[PDB]
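Have a look at the structure below before the remarks.
Each answer follows from the model by the rule given with it, or from the source it names; nothing here is a laboratory result. Quick reminder, even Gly has a Cβ in these numbers, built from the backbone with ideal geometry, and neighbours come from all protein chains shown.
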Amino acid sequence: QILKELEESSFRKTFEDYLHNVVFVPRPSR
Amino acid sequence: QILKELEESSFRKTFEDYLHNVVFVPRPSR
Amino acid sequence: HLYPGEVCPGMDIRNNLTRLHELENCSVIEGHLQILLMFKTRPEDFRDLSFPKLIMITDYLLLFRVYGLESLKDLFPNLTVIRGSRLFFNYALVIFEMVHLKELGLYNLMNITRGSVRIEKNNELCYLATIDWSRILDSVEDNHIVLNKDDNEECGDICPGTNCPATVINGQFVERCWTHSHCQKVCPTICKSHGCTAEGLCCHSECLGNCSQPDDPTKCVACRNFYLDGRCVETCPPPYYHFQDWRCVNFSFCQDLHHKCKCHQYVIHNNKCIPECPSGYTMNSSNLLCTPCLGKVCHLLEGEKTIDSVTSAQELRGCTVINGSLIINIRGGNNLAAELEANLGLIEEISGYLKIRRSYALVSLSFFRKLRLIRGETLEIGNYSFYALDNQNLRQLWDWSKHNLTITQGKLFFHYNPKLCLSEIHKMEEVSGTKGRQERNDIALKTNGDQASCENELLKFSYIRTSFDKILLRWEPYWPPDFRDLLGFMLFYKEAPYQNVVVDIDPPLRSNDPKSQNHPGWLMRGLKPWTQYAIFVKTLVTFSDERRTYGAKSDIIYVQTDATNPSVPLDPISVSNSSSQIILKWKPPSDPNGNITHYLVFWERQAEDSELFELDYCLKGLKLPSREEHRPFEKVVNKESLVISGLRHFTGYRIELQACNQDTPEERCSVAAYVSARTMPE
Amino acid sequence: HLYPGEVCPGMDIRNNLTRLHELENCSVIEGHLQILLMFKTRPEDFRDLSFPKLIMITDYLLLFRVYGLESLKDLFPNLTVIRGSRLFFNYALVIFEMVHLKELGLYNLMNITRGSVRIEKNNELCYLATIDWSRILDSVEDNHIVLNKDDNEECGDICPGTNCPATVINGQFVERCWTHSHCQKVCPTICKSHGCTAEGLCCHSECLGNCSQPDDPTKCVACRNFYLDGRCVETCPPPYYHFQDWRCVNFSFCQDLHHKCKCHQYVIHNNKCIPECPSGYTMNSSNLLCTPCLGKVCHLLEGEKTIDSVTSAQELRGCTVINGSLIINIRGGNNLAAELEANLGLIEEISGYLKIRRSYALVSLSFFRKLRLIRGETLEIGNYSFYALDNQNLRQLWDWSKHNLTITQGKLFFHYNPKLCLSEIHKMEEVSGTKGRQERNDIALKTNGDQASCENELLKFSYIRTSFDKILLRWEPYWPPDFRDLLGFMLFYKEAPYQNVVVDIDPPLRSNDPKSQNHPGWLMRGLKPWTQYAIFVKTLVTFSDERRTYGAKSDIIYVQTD
Amino acid sequence: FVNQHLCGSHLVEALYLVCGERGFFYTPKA
Amino acid sequence: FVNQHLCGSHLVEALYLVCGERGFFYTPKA
Amino acid sequence: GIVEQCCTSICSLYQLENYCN
Amino acid sequence: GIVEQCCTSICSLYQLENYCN
Ligand SMILES: *[C@@H]1O[C@H](CO)[C@@H](O[C@@H]2O[C@H](CO)[C@@H](O[C@@H]3O[C@H](CO)[C@@H](O)[C@H](O)[C@@H]3O)[C@H](O)[C@H]2NC(C)=O)[C@H](O)[C@H]1NC(C)=O
Ligand SMILES: *[C@@H]1O[C@H](CO)[C@@H](O[C@@H]2O[C@H](CO)[C@@H](O[C@@H]3O[C@H](CO)[C@@H](O)[C@H](O)[C@@H]3O)[C@H](O)[C@H]2NC(C)=O)[C@H](O)[C@H]1NC(C)=O
Ligand SMILES: *[C@@H]1O[C@H](CO[C@@H]2O[C@@H](C)[C@@H](O)[C@@H](O)[C@@H]2O)[C@@H](O[C@@H]2O[C@H](CO)[C@@H](O)[C@H](O)[C@H]2NC(C)=O)[C@H](O)[C@H]1NC(C)=O
Ligand SMILES: *[C@@H]1O[C@H](CO[C@@H]2O[C@@H](C)[C@@H](O)[C@@H](O)[C@@H]2O)[C@@H](O[C@@H]2O[C@H](CO)[C@@H](O)[C@H](O)[C@H]2NC(C)=O)[C@H](O)[C@H]1NC(C)=O
Ligand SMILES: *[C@@H]1O[C@H](CO[C@@H]2O[C@@H](C)[C@@H](O)[C@@H](O)[C@@H]2O)[C@@H](O[C@@H]2O[C@H](CO)[C@@H](O)[C@H](O)[C@H]2NC(C)=O)[C@H](O)[C@H]1NC(C)=O
Ligand SMILES: *[C@@H]1O[C@H](CO[C@@H]2O[C@@H](C)[C@@H](O)[C@@H](O)[C@@H]2O)[C@@H](O[C@@H]2O[C@H](CO)[C@@H](O)[C@H](O)[C@H]2NC(C)=O)[C@H](O)[C@H]1NC(C)=O
Ligand SMILES: *[C@@H]1O[C@H](CO)[C@@H](O[C@@H]2O[C@H](CO)[C@@H](O)[C@H](O)[C@H]2NC(C)=O)[C@H](O)[C@H]1NC(C)=O
Ligand SMILES: *[C@@H]1O[C@H](CO)[C@@H](O[C@@H]2O[C@H](CO)[C@@H](O)[C@H](O)[C@H]2NC(C)=O)[C@H](O)[C@H]1NC(C)=O
Ligand SMILES: *[C@@H]1O[C@H](CO[C@@H]2O[C@@H](C)[C@@H](O)[C@@H](O)[C@@H]2O)[C@@H](O)[C@H](O)[C@H]1NC(C)=O
Ligand SMILES: *[C@@H]1O[C@H](CO[C@@H]2O[C@@H](C)[C@@H](O)[C@@H](O)[C@@H]2O)[C@@H](O)[C@H](O)[C@H]1NC(C)=O
Ligand SMILES: *[C@@H]1O[C@H](CO)[C@@H](O)[C@H](O)[C@H]1NC(C)=O
Ligand SMILES: *[C@@H]1O[C@H](CO)[C@@H](O)[C@H](O)[C@H]1NC(C)=O
């Protein structure tokens, strides 16, 4: 019933992931 | 919840089938 | 004697009663009897038709769609025993689709040894509730009765009076009968093994069900085990041999039985005339004895067999090698597992694949006793040597302590198995050694074992705080290796006077673990005093498509409640049976609120009312009614009454009664209940 | 005038305020701006720091984990418009994980054209309920606000009196402000598009939000669409060309822009300086015009791209040929479908496979407009050109009237699609022409389409008997090819004041069909007179593992009692 | 002649209508 | 040195502890 | 089998003719 | 990627050393 909240939390987690993925590689260029 | 009754009806049907399968071929021998 | 007729092995009768006269004289039919499909018969075709000679049938008996027949008391008045070697979907008596069949009259039937009875689609039959199957059968819960005239409650299946035993079963006395005339015979509770005679005395130790004389092997009716020449015997003396679990035959008999397939040629083992020898054995040209030797292949029809009952099972009874593939499908509802085990896989190998589809009640696979190797030389479609689907009760496959498994080829197919968690699945992958085969969706990772948290992770409680109205638990906060996946805490609680065995909690901030000050907890308010409770906790985490972190559950724990001030001591009755004795009796309070230690009793001397001292009773109007401080007290222990002595005649008394569930420190006691009384005058 | 500063296109600032002085004078920053990861900052590092020079940002703006900052009314007192071409998960304003950030004071912000606003993990921020997003945004239902100081109700975010509009929205008058001083400005119901001036008069038809004088293109503050030399203009007069939807430049400018990748070399089409031409076009050595010719391969990185938002989408805006595979995975919660359609597959071919995993709000695939062919030259593992999983709102794939589908290789993979019934699935198998490929359990025959009765069979009521206390319905008894499989009749009944849209019945005896007197019925007692009821019947039958006899449902009928 | 999938008593009465007279014996071996 | 799967502010503070000084630039092209 | 012919398929009268003697 | 290295695997200090300059 409330499984939209369950996927909403994963959506929040994905939003957490993507900003971190932006922050992650501008630095390794060697 | 009551799915045991659902499979029980199929069990009844299988019991119907098997007696009919006994009755079916003692006759074709040619 | 004991059996005047003959054997006459079982032949089944169709379409008219003409071939029925072939089976008249014979007393015990080896095999089975089926009577079927006679649409052009009449009720007058049975009145001149009776067979009292039959007493016992070995295997089974069947009645199917024969018109005009209404009873069986005439056709078979004296059938008594069904052994049930060859069964029929775990039945031995088929009463089915019989138009006009309204009664049985099968009073002489006493014991059915192995099997059950199914009755269906017989819209005339009654007198059925008057039949105690427990006297005749052991497992009475395997008897299916439906679609009958009793299902539309009309039949008064009564007897005139006393005779028929009216025995309580479930709600009241059940009068036990067969017809309006024939009662159902009950032997007493000591003659149950071998039957009883007419007055009720126990029969001989080899009789069964009925005996003509009490305690006589030469005057039984039916043998318990074996028959030999006017005597029911416990065993075959030499040189005789047990034949089909009912008699003793000489060597020449089973000898010459072999000489007739020139179909079941026979051999001898263990003083028994048997069909065949198991593995490691050899025939004998002299005496057909299963001699041991060095080194049994039951090659199937088309390498394949659907297996659904004991009727399927006994075809592979005693087999050692199966040259084919097996299919397990039992739409059941009854555990046949012991009887399933009793004639199954004393084997190691299956040459082809193995299939298990849609079986209901198979909780385990331990009935595969010696099963070791899966060859899989013919695979299931989709390239599988193994199949599994729709098994609502299957939990364990095997204990992998001593059970082993070797799988040559093929893969695994796991779907819709709601009580089969992935732990033993991967253990079967491990012991199989075939883990480097299974692709994605060879295991349904959403349906298999999704009714109970199984796998590994256990919660451990750090602290417990109890009260009479508060509960706090504290436990180690577990975190999966992705800490974001923890959604919450599932908690199950209930009360439990036995020990033979819902809320949710938000997760706290993880944020560190030098001092992760995040030991999670929940307060319960809904407590009853002195009351035992059963609580356990499960961890709610996010599902992942990968090998998901299995999540934790807690132990079931039991915590009892405390106590408090007990309720009002109910119904204080204060009677004075003497001039100084007052019995005070009472009921227990509505809420003891702990184990009641005692009853605090106060009796207080109420003086006479002071307005009476200044009234002129010599004037007309002389109507006289015939009626901290330490008060005298009592701690009534383990009694709901108290007589009080040393009391004044003609003095009213106030009584204050309380109960007490605590006595030794600082007495927790009830609230005050009051009464007043008066002693008798002297 | 209208923009005395400069452009100074977007560069993002990290670890200290040293590089911030690079972006001082500039009037409107092209691109985006992010400020991130400054732990060692102080509140004293902002009182001597302000930029009123910026008024509009084109694409987006982001604030992430910078300490000591508590407000924004000083750093950007006069930022006004966000256009939002390049978005950020359908957001253009990111305020996230900002310790000490307690208020905004972003009163001069008037319109955010495209995108949304997401606020999270900012346990100091308040003044949040005093912000009418409908004045600034359109799709206010796409704004995510959680984990804040406002989420533990403490802040009295008030203003001393009248000034701030106290407007009823949901339950009562909501006072609208930015700080305890800064009210939220509300233009009247006629100056809504181009904004209003201070006294409330409408601005010019090319202004936007603010104007220094009412109804003056030479005295606006922000242009609606296009800027040219102190005048907000509706389009480019010749010889000028639209650049990035905000201005008009000559041939010389966009010409000399091309000469610097010797990275986004530019061309000109449709009076516009644009990056590239679509398929069937050709450059020009003279003027870089997208000339038509005879015969756009957006070749991916490793032939694969997860697609999740508009930010993923605009990378493939206007493509025609995909030399790769696509992954459609949107754990969404909001329908992006119109804007999803706005920049998607005007294509016909996919070289590799197609994947659709766990997407929630996608009710349809009609945003795929022109798609015809899947080459499938790289398959999904397990030999699939196609994938489908866990789509909780997907019902229709396409209308197979005009939509076509051509599949070279690979197979179909259908699981847990609870409103995707098997009829259109078999239609997809038919129009695909690849029906002779799917094995067993390539379609989940238990979970696909199991939330609404779909397939074919319709119950038809023979007789209707009504009362004020009795209802009897009689219908034609359907019987499947195995009559044993019918186990009962599911009936759904309720009352219905509108027409904008529970009991069971045992099956009667079939036994024949010259005269099958088994027209089944149910008597209803629970009737109210003068009352409209909505009743419909479903047939409860036995599941089989084969092609199961689909079962019947009745029509929703409306019966008004006495 | 019905053209339909058949089970139960429908199939039973169909078989009795087909057979009429003898129709079926029961000698698999004898 | 933790040996654990890392996300969120745990991973953020871990990265800040690793970087200390400059750590990361933002020149993909310039 | 029986439902294999009369329920899986549909039996013919010639198929049932073998189920006459 | 980031969780591809620090959450799918576990990052090393040498792996994060490239995320120092
Ligand atoms: C009907 O008569 C029999 C005769 O004894 C009553 O006892 C049952 O006898 C059979 C045969 O000996 C027992 O079956 C055996 O079970 C063992 C395992 O327990 C198995 O290894 C053997 O191969 C054989 O199958 C059966 O257990 C036994 N049952 C009882 C309850 O004693 C039977 O009870 C009589 N029926 C009634 C309703 O009294
Ligand atoms: C903020 O300012 C704009 C400026 O007009 C207000 O109008 C909106 O303008 C945009 C830009 O043209 C419109 O988007 C367009 O939509 C069409 C489809 O209808 C599409 O084909 C175009 O490519 C373009 O994207 C938008 O529809 C339009 N909206 C309205 C309601 O007029 C906008 O309303 C202002 N915001 C507020 C909150 O007042
Ligand atoms: C049932 O038994 C009667 C009685 O005869 C006995 O059984 C016979 C099989 C045989 O062993 C006799 O010696 C027994 O006394 C049978 O009736 C006899 O049938 C035979 C030929 O079958 C005939 O020659 C006799 O004259 C008959 N005698 C009488 C008194 O009728 C009968 O055939 C037996 N039926 C079956 C099916 O076994
Ligand atoms: C060995 O046994 C055979 C067969 O036993 C007979 O059949 C049994 C079912 C049971 O009824 C036994 O009592 C029977 O004896 C014997 O052959 C029969 O012997 C009897 C002797 O009373 C004779 O009347 C029968 O006609 C014989 N059967 C035939 C077909 O002729 C045999 O005599 C036994 N041999 C020894 C040495 O005991
Ligand atoms: C912000 O503007 C000041 C003012 O100078 C204007 O902008 C310059 C870029 C140039 O175009 C001048 O003609 C304008 O009047 C800038 O301060 C100047 O900086 C330069 C160094 O680049 C210096 O030589 C001048 O003397 C400065 N002039 C004044 C009046 O201070 C400042 O650099 C600009 N900031 C940025 C980031 O461009
Ligand atoms: C063609 O356009 C260029 C560039 O346009 C300039 O930048 C725009 C953003 C806008 O601000 C225009 O008003 C600008 O003209 C012109 O080159 C510039 O011209 C101005 C004239 O005032 C001059 O001050 C600049 O120094 C020039 N730029 C350079 C790098 O020298 C050019 O004049 C335009 N040509 C025509 C015919 O209009
Ligand atoms: C299952 O695996 C077997 C093993 O490779 C495949 O069978 C082979 O098929 C090819 C051509 O079809 C034959 O040349 C081989 O001789 C076959 N080998 C065996 C052992 O049968 C089969 O194609 C696979 N089936 C599926 C559905 O995957
Ligand atoms: C999927 O199908 C392809 C096509 O048959 C299989 O790939 C072939 O594998 C064999 C040996 O592994 C090669 O000789 C062929 O060249 C391959 N063909 C192609 C087109 O790649 C693949 O094995 C199949 N995979 C599964 C899981 O069944
Ligand atoms: C089958 O398993 C039998 C019991 O296994 C024994 O106990 C377990 C705990 C293991 O340590 C196992 O190695 C032991 O042998 C064995 O007796 C038997 O050899 C096993 N057979 C095969 C083929 O593995
Ligand atoms: C794609 O579909 C377009 C519309 O299809 C037309 O209408 C349907 C009902 C069919 O009858 C179809 O044959 C008609 O052409 C077509 O215009 C177009 O040719 C189709 N393209 C392909 C490759 O099939
Ligand atoms: C009884 O049935 C048998 C076998 O079908 C047949 O030979 C015989 O003629 C029948 N007798 C009567 C009277 O129908
Ligand atoms: C600011 O940071 C840059 C790069 O992070 C560095 O070059 C500069 O020295 C820093 N300045 C100060 C004052 O910390």
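Cβ-Cβ distances below 6 Å connect the following pairs, each with a first residue in the range D:33-56 that is more than 11 Å from chain F (Cβ to nearest Cβ), a second residue that is of a type in the set (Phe, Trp, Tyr) and surrounded by fewer than 19 Cβ atoms within 10 Å (Cβ to Cβ), and a separation of six or more residues or different chains: D:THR41/D:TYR67. Filtering D:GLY200, D:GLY230, D:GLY209 for residues that are small (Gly, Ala, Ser), under 19 Å from D:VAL186 (Cα atoms) and out of contact with any strand residue (DSSP E or B) (no Cβ under 8 Å at 6 or more places or on another chain) leaves a single hit, D:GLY200.
Residues in chain B that are among the small types (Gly, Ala, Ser) and within 12 Å of chain E (Cβ to nearest Cβ): how many?
First, the residues of chain B that are among the small types (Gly, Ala, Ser): B:9-10, B:29.
Still in the running and within 12 Å of chain E (Cβ to nearest Cβ): B:29.
Of the residues in chain B, 1 are among the small types (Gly, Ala, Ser) and within 12 Å of chain E (Cβ to nearest Cβ).
Here's the yes/no breakdown for (1) within 14 Å of chain F (Cβ to nearest Cβ); (2) more than 39 Å from the chain's Cα centre (by Cα); (3) under 19 Å from C:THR549 (Cβ atoms):
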| site | (1), (2), (3) |
| --- | --- |
| C:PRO418 | no, no, no |
| C:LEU422 | no, no, yes |
| C:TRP479 | yes, yes, yes |
| C:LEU491 | no, no, no |
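For the subset of the range C:373-407 comprising residues that are over 16 Å from C:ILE425 (Cβ atoms) and among the polar types (S, T, N, Q), which member is farthest from ligand 12 (Cβ to nearest atom)? Checking each candidate, the answer is C:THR378. Residue selection: C:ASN271 satisfies the criterion of being among the polar types (S, T, N, Q) and in contact with a strand residue (DSSP E or B) (Cβ under 6 Å, 6 or more places away or on another chain). Here the condition is being under 23 Å from D:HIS180 (Cα atoms), in contact with a helix residue (DSSP H, G or I) (Cβ under 9 Å, 6 or more places away or on another chain) and away from ligand 10 (no atom under 16 Å from the Cβ); of D:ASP74, D:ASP48, it holds for D:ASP74 alone.
For every residue, the table says whether it meets (1) buried (at least 19 other Cβ atoms within 10 Å of the Cβ); (2) farther than 24 Å from C:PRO665 by Cα.
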site: C:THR561; (1), (2): yes, no
site: C:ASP571; (1), (2): no, yes
site: C:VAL575; (1), (2): no, yes
site: C:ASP591; (1), (2): no, no
site: C:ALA607; (1), (2): no, yes
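Determine, yes or no, whether D:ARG14 is farther than 21 Å from F:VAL12 by Cα and within 11 Å of chain F (Cβ to nearest Cβ). No: the conditions fail for D:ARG14.
When the residues of the range D:60-75 are narrowed to those that are closer than 30 Å to D:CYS220 by Cα and of a type outside the set (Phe, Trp, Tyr), which ends up nearest to the other protein chains (Cβ to nearest Cβ)? Give the derivation first.
Initial filter on the range D:60-75 (closer than 30 Å to D:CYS220 by Cα): D:60-63, D:71-75.
Right, trim to of a type outside the set (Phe, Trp, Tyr) and you get D:61-63, D:71-75.
Values: D:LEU61: 14, D:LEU62: 8, D:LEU63: 11, D:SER71: 23, D:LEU72: 19, D:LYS73: 25, D:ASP74: 25, D:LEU75: 20 Å.
Taking the candidates together, the pick is D:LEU62.
Among the residues of the range C:367-410, the ones that are within 16 Å of ligand 8 (Cβ to nearest atom) and assigned to a loop (DSSP other than H, G, I, E, B) come to 6 in all. Would you say C:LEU87 is assigned to a loop (DSSP other than H, G, I, E, B) and in contact with a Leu (Cβ under 7 Å, 6 or more places away or on another chain)? No: the conditions fail for C:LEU87. Please work out if C:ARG14 is among the basic types (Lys, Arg), more than 16 Å from ligand 7 (Cβ to nearest atom) and within 25 Å of E:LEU11 (Cβ to Cβ). The answer is yes for C:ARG14. Taking the listed residues D:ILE95, D:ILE57, D:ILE35, the one that is under 18 Å from D:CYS223 (Cα atoms) and either acidic (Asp, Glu) or surrounded by 18 or more Cβ atoms within 10 Å (Cβ to Cβ) (or both) is D:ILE57, with no other qualifying.
If you scan the range C:17-40, which residues turn out to be touching a strand residue (DSSP E or B) at 6+ places or on another chain (Cβ under 6 Å) and on the phi < 0 side of the Ramachandran plot? I'd like the intermediate steps shown before the answer.
At the first step, the residues of the range C:17-40 found to be touching a strand residue (DSSP E or B) at 6+ places or on another chain (Cβ under 6 Å) are C:19-20, C:28-29, C:33-38.
Across the range C:17-40, the qualifying residues are C:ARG19, C:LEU20, C:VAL28, C:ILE29, C:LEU33, C:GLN34, C:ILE35, C:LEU36, C:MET38.
Please work out if D:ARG331 is within 14 Å of chain A (Cβ to nearest Cβ) and either away from ligand 1 (no atom under 16 Å from the Cβ) or surrounded by fewer than 16 Cβ atoms within 10 Å (Cβ to Cβ) (or both). It is true that D:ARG331 is within 14 Å of chain A (Cβ to nearest Cβ) and either away from ligand 1 (no atom under 16 Å from the Cβ) or surrounded by fewer than 16 Cβ atoms within 10 Å (Cβ to Cβ) (or both).
Based on this model, can you work out whether D:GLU424 counts as away from ligand 11 (no atom under 16 Å from the Cβ), surrounded by 13 or more Cβ atoms within 10 Å (Cβ to Cβ) and assigned to a helix (DSSP H, G or I)?
Working: away from ligand 11 (no atom under 16 Å from the Cβ): yes; surrounded by 13 or more Cβ atoms within 10 Å (Cβ to Cβ): yes; assigned to a helix (DSSP H, G or I): yes.
Against the criterion (away from ligand 11 (no atom under 16 Å from the Cβ), surrounded by 13 or more Cβ atoms within 10 Å (Cβ to Cβ) and assigned to a helix (DSSP H, G or I)), D:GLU424 qualifies.
Assessment of the range D:56-64 against the conditions (assigned by TED's automatic domain parsing to the domain that holds D:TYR91, within 16 Å of ligand 6 (Cβ to nearest atom) and under 23 Å from A:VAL22 (Cα atoms)) yields at least one matching residue.
For the range D:4-16: of the residues being over 33 Å from the mean Cα position of the chain (by Cα) and buried (at least 16 other Cβ atoms within 10 Å of the Cβ), which is nearest to ligand 10 (Cβ to nearest atom)? Result: D:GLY5. Considered as a group, the residues in the range E:10-30 that are surrounded by 15 or more Cβ atoms within 10 Å (Cβ to Cβ) and small (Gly, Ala, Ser) include one that is nearest to the other protein chains (Cβ to nearest Cβ), and that residue is E:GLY23. The number of residues in the range D:151-170 that are surrounded by fewer than 17 Cβ atoms within 10 Å (Cβ to Cβ), out of contact with any strand residue (DSSP E or B) (no Cβ under 8 Å at 6 or more places or on another chain), within 16 Å of D:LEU128 (Cβ to Cβ) and not polar (S, T, N, Q) comes to 5.
I'd like the residue in the range D:94-127 that is outside any loop (DSSP other than H, G, I, E, B), among the aliphatic types (A, V, I, L, M) and within 14 Å of chain A (Cβ to nearest Cβ) and, out of all such residues, is nearest to ligand 2 (Cβ to nearest atom). Break it down stepwise before answering.
Of all residues in the range D:94-127, those outside any loop (DSSP other than H, G, I, E, B) come to D:94-96, D:111-112, D:117-122.
This time we only want the ones that are among the aliphatic types (A, V, I, L, M), so: D:94-95, D:112, D:117, D:119.
Filter again for within 14 Å of chain A (Cβ to nearest Cβ), leaving D:94-95, D:117, D:119.
On the way: D:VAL94: 19, D:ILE95: 19, D:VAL117: 12, D:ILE119: 18 Å.
Ranking the qualifying residues of the range D:94-127, first place goes to D:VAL117.
Candidates in the range C:644-660 are the residues that are among the β-branched types (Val, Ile, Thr) and within 60 Å of the chain's Cα centre (by Cα); of these, the one that is farthest from C:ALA563 (Cα to Cα) is C:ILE644.
Every listed requirement among (1) buried (at least 17 other Cβ atoms within 10 Å of the Cβ); (2) away from ligand 9 (no atom under 13 Å from the Cβ); (3) under 18 Å from C:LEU326 (Cα atoms); (4) not acidic (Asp, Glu) is met by C:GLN392 save one, (3).
Among the residues in the range C:98-116, are any among the small types (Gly, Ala, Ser), within 16 Å of ligand 3 (Cβ to nearest atom) and under 25 Å from C:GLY5 (Cα atoms)? Even if it seems obvious, please write down each step before you answer.
Applying the first criterion (among the small types (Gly, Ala, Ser)) to the range C:98-116 yields C:105, C:115-116.
Narrowing further to those that are within 16 Å of ligand 3 (Cβ to nearest atom): none.
Within the range C:98-116 (the criterion being among the small types (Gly, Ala, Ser), within 16 Å of ligand 3 (Cβ to nearest atom) and under 25 Å from C:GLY5 (Cα atoms)), the answer is no, since none of the residues qualifies.
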